[PDB]
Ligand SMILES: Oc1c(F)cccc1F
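Here you get one chain, nothing else, as structure tokens; it is the form solved without 2,6-difluorophenol (FFP).
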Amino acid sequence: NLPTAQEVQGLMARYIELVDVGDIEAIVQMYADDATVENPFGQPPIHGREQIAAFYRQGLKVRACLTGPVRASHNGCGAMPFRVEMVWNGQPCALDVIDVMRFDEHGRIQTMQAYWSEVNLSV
């Protein structure tokens, strides 16, 4: 059901583990079927698992690690800071991001907002 705060901490940590290994189908399964993603926040959202899978397939050697604890609420939401390390035109880079997620009553991500901009990239 709709995650408690402990359950949100666990779900968001699992998300980062899935991004880190790059398991696109497992990441997509964490989302509700009609979830929305705004990544970076400020951009038009993407809707549904097909579009979300496309987004992660395009983005995802990548590593992702939490860079602080998950902050969870008592209403099925949480926020976390992390860093993604990737290769862009042969150049290692890193991006610092904070995601905010809202989970539904089945423990699936209903909405995701990713906060970052070019200021958060390190080449």
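Quick note: we count residues from 1 along the sequence shown, nothing fancier.
Just so it is clear, the following notes concern the form solved in complex with 2,6-difluorophenol (FFP), a form of the same protein that is not shown.
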Notebook entry, point to check: Would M112 count as a contact of 2,6-difluorophenol (FFP) in the bound PDB entry, using a 4.5 angstroms cut-off between non-hydrogen atoms?
Noted result: yes
Check: So in the bound PDB entry, does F103 come within 4.5 Å of 2,6-difluorophenol (FFP), heavy atom to heavy atom?
Finding: no
Margin query: Taking any heavy atom pair closer than or equal to 4.5 Å as contact, tell me whether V97 reaches 2,6-difluorophenol (FFP) in the bound PDB entry.
Written below: yes
Notebook entry, point to check: Even though 2,6-difluorophenol (FFP) is not shown here, does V28 get within 4.5 Å of it in the bound PDB entry, heavy atoms only?
Noted result: no
Checklist line | Any residue of 5-40 that, in the bound PDB entry, places a heavy atom within 4.5 Å of 2,6-difluorophenol (FFP) | finding: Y15, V19, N39
